[PDB]
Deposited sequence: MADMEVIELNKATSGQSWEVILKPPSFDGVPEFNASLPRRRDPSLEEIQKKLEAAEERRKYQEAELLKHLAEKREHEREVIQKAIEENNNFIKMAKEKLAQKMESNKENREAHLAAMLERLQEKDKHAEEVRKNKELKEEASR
């Protein structure tokens, strides 16, 4: 069954029906789009803000490290300074005491000489 449809200057159309149908009959707003786009931007910016935050934490660790080593040097210097001043003072005191002892025994001896010269006069 051929059923003519239309005709025109550059065209002609029709319809060919071999077998009829077995069964009769047939069995977002602009705000929502803008909200969904702005939301994807917000979480995009949030993850970028997290990345710089963890990167900024790294900068502070780096300063803490440089600081620690400066504190270590200064504590090495101070410990060496107190070690040396303690040793040099103990050594001076020890040396001065040995020399004091050496002169005191000799002086006890020259006291004995005055005592020996006294006994001679006595008799």
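Gaps between the deposited sequence and the modelled coordinates occur at 1-4, 32-42, 139-143, listed in sequence order.
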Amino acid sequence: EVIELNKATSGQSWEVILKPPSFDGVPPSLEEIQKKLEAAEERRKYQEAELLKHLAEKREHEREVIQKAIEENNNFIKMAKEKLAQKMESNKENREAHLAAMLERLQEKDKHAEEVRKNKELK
From here on, numbers count along this sequence of modelled residues.
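The term rigid core refers to the maximal set of C-alpha atoms that superpose within 1.5 Å between the two forms.
Put simply, when the other structures in 7 other deposited structures of this protein are lined up on the rigid core, the C-alpha atoms of 18-26 lie farther off than those of the other stretch, from 104-112 and 18-26. When 96-104 is weighed against 17-25, 17-25 comes out higher, by mean CA B-factor as recorded in the entry. The PDB entry assigns residue 64 a C-alpha temperature factor belonging to the middle third of its chain's modelled residues. Ranked against the other modelled residues of its chain, the C-alpha B-factor of residue 31 as given in the entry falls in the highest third. Among all modelled residues in its chain, residue 70 ranks in the middle third by Cα B-factor.
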